[PDB]
Amino acid sequence: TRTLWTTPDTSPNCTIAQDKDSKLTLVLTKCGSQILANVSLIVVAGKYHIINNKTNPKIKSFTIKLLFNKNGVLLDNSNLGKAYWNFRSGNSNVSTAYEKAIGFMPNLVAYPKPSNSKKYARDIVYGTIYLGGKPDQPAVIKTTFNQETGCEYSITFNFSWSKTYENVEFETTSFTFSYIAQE
Amino acid sequence: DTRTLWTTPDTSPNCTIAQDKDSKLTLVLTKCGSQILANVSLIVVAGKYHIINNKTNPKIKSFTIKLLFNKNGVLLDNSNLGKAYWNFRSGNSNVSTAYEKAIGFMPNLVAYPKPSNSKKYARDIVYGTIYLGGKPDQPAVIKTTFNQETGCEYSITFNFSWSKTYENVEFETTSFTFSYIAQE
Amino acid sequence: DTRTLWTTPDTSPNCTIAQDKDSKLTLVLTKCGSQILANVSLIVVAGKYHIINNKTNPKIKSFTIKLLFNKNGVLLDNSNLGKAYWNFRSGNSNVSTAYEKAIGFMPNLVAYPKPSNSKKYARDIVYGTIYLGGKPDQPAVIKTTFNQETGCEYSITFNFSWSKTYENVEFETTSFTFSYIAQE
Ligand SMILES: [Zn+2]
Ligand SMILES: [Zn+2]
Ligand SMILES: [Zn+2]
């Protein structure tokens with residue numbers, strides 16, 4: 001069945017530190033009870049565009065959050081802009097915002113919201129991507145399901161690095177993962 | 001849902017590593033035609049592998065969870081995973097009756113042959129790293145091997161191992177995705 | 001379209017890295033709508049890359065396998081992979097006739113543009129690590145790049161490289177799974 005995506009162009013669609021400073025490319029394809037996900041990031045401007053940890057040793061991580069309501073609709077506090085997220089139609093999107101995508105949401109039994117109960121690590125997936133496609137420029141992408149407040153479901157991407165990069169543009173290789181679907 | 005075989009997504013223990021029901025293996029196998037998309041994680045709740053302390057027990061560095069299947073893809077009871085809640089999905093639960101056939105979910109025997117006298121290829125293994133407690137400095141290796149057990153027609157085995165000296169670290173993991181070639 | 005397009009899962013050599021038919025590339029592409037789920041491994045059986053010795057040949061550190069496709073997603077004969085056994089799956093074999101169209105299996109050209117004077121973004125690359133002989137201390141990097149070859153409409157290229165100093169180690173790998181955005 002279907003695919004929810006950001007069209008795979010390079011037009012900025014995401015706000016990390018300043019308005020439209022990045023293009024998140026995210027494709028979610030439903031394969032029954034699992035969602036197959038493919039993600040990459042291009043930071044085009046602003047604080048995170050060029051990393052220089054000699055001049056700014058403190059800049060070592062940032063987060064992009066996707067927050068969804070009970071119908072699986074993206075909420076406006078998300079870093080990703082609402083106009084950019086929809087079911088695929090060709091290399092573009094359907095012309096009208098979708099009303100329902102619960103089949104694409106991370107499963108709440110697998111990945112419960114924060115509560116008074118024990119929190120398990122299975123709601124996280126780690127991966128490594130590479131800045132500029134260079135094998136000696138790893139950064140970690142940590143993806144977490146359903147851990148944000150103010151929403152019914154969430155997918156968050158935390159990008160971090162441990163090396164001292166000097167004038168390295170933050171644009172990444174791609175990473176694939178999956179997660180258990182709500183229905 | 002006859003495209004997903006799973007353990008259910010709850011946290012009720014279903015697996016016996018060192019003692020009865022000491023762990024929850026969460027395993028979801030989704031059939032995408034000739035490939036099975038697999039998602040796995042592990043929570044150990046009790047016993048020898050629950051709290052790792054390699055200062056006190058320096059030799060506790062690895063363990064294995066085996067799923068063994070018959071010619072029909074039915075789980076055999078000396079697998080570490082219990083039979084009761086390994087089944088086709090129905091909602092967040094399972095279908096009511098135990099399944100009789102799941103050959104479409106078994107690892108392909110031409111791709112991943114049983115042990116024999118013939119050359120053994122590495123393609124029957126997938127390696128991944130998961131993280132204890134979700135902490136990025138607590139890696140452990142998950143090694144998954146297809147059809148290398150005897151006394152069965154098919155098998156999937158998960159070997160968990162680590163090389164750091166962990167001190168009072170609970171063995172509960174992040175999730176890992178992989179795929180394998182299906183028998184049919 | 002649920003189909004699988006593959007090399008078949010046997011171990012018969014189908015690929016030419018340094019000399020004719022020196023390797024078996026096992027590649028399985030399954031279409032899951034707008035994404036292709038890919039599973040890959042490599043067995044080198046002869047020639048320069050069969051047994052690696054970096055004490056005697058320290059500069060032998062990488063090689064490349066290219067799949068080049070025309071406008072219809074048909075494999076071009078200058079690819080390293082041979083055309084004879086690359087086809088849609090039928091059982092553990094292939095459909096009898098060579099396929100004529102597989103555009104839905106090609107890497108998306110907007111996501112992964114062909115080479116030009118325009119900025120080359122890294123999103124057209126996926127990196128993974130596989131293990132020689134299934135040994136966890138024998139990593140090698142598999143770098144996969146989409147649509148960066150000339151003389152074709154689409155391409156998938158696999159660059160295998162390593163940084164350890166291997167001494168008489170056979171180049172045969174564990175398996176790796178990735179996905180990519182489909183052209184249609
Ligand atoms: Zn710039
Ligand atoms: Zn515990
Ligand atoms: Zn050999």
# chains A, B, ... in the order shown; residues from 1 in each chain; ligands from 1
$ select_by_dssp --residues "chain B" --states "helix (DSSP H, G or I)" --output "NGL selection string"
:B and (103-105 or 122-124)
$ interface_residues --of "chain A" --to "chain C" --cutoff "9 Å" --atoms "only C-alpha atoms" --output "PyMOL selection string"
chain A and resi 1-3+7-10+25+27-31+36-42+88+90-91+128-135+171-177
$ calpha_fit_rmsd --fixed "chain B" --moving "chain C"
0.8 Å
$ residues_near_ligand --ligand "ligand 1" --cutoff "12 Å" --atoms "only C-alpha atoms and all ligand atoms" --output "PyMOL selection string"
(chain A and resi 21-22+42-51+167-171) or (chain C and resi 119)
$ closest_residue --among "B:159, B:11, B:4, B:30" --to "ligand 2" --atoms "only C-alpha atoms and all ligand atoms"
B:11
$ closest_residue --among "B:87, B:74, B:31, B:43" --to "chain C" --atoms "only C-alpha atoms"
B:31
